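Observations on the model geometry
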Amino acid sequence: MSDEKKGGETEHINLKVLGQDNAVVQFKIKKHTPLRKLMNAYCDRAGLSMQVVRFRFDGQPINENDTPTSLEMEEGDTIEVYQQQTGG
């Protein structure tokens with residue numbers, strides 16, 4: 001309903017984001033779009049710096065330019081966050 005907004009957008013993939021600690025969250029994005037307008041958007045809406053929020057995909061670094069339609073796993077990301085300490 002109003003407090004949730006669960007009705008819109010067709011061709012999308014879900015991402016599962018795993019914290020090193022115990023925090024797990026999951027996000028939604030179109031396969032076409034680059035990651036930056038999801039990433040910095042959540043960084044602002046949470047209110048934090050990317051310099052402490054250390055992410056890795058396949059145990060390796062990743063960038064904003066690589067669209068997931070260049071990657072093609074279909075869906076289901078399992079990207080990790082190696083956090084600083086308490087904060088999320």
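Residues numbered from 1 in each chain as written, not as in the entry; some residues may be left out. Heavy atoms only, no water.

**Observations regarding the environment of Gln83**
Among the secondary structure elements, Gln83 is positioned in the segment after β4 (80-82). Once the C-alpha coordinates of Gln83 and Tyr42 are considered, the two residues, 41 residues apart in sequence, prove to be 15 Å apart. (Helix = DSSP H or I, 4+ residues; strand = E, 2+ residues; numbered from the N terminus.)

**Some details on unusual backbone geometry**
Even without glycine at this site, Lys5 takes up a positive phi of about 65°. Of note, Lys5 is situated in the segment before β1 (12-19). Although it is not a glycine, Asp58 sits at a positive phi angle of roughly 55°. Checked against the element boundaries, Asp58 lands in the loop between β3 (54-56) and α2 (68-71). Residue class for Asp58 comes out exposed when judged on its relative accessible area of 62%. (Buried < 20%, exposed > 50% of the residue type's maximum accessible area, 1.4 Å probe, protein only.)

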